[PDB]
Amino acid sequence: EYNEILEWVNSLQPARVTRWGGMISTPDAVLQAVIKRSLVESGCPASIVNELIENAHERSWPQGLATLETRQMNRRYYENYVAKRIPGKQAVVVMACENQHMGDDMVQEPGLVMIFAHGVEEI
C-alpha cells in the first residue's frame, strides 16, 4: 500500500500556488466530481482517493483552513506546504506523509485537496 501511494505521489508534479486568495473553499458537486475524475486518471490509489475528495471542501478541512478569516491569517504558512499538482486542473493535493512539518491544524490523513480559480502553475 505504501509503495502504491509513494509512487503515485512522486509521479505528480510539484505545484506552485501563486494566488492563495483564489482558493475555492466550497466547491459544488460538479467540481468535486471533476477533481475526483482527475485524481482517478492520474492513477490515485483507490485506498485514499475518496478521502482526498471529502477533504477538498471547508466542512472537512482542518481548523487551520476551516474559515475564511483563518485562511487569511494563515496565508504566510501555506507557502510551506509541499503541494503536488492534480493534472489538468487548478488544484493541488497536500499529502500528510510529506507535510509533517505543518501543524496538525494544517493537514490531515491521508491528505487534503485545495482547488483554486487560478494561479496554480508548475515550478
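From 1 onward, residues are counted along the sequence shown.
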> Going by the entry, which third of its chain does the Cα temperature factor of residue 46 land in?
Replying inline: highest
> Comparing residue 120 with the other modelled residues of its chain, is its CA B-factor in the lowest, middle or highest third?
Replying inline: highest
> Split the chain's modelled residues into thirds by Cα B-factor; is residue 85 in the lowest, middle or highest one?
Replying inline: middle
> Should residue 13 be placed in the lowest, middle or highest third of its chain by the C-alpha B factor in the entry?
Replying inline: highest
> Which third, lowest, middle or highest, does the CA B-factor of residue 59 fall in along this chain?
Replying inline: highest
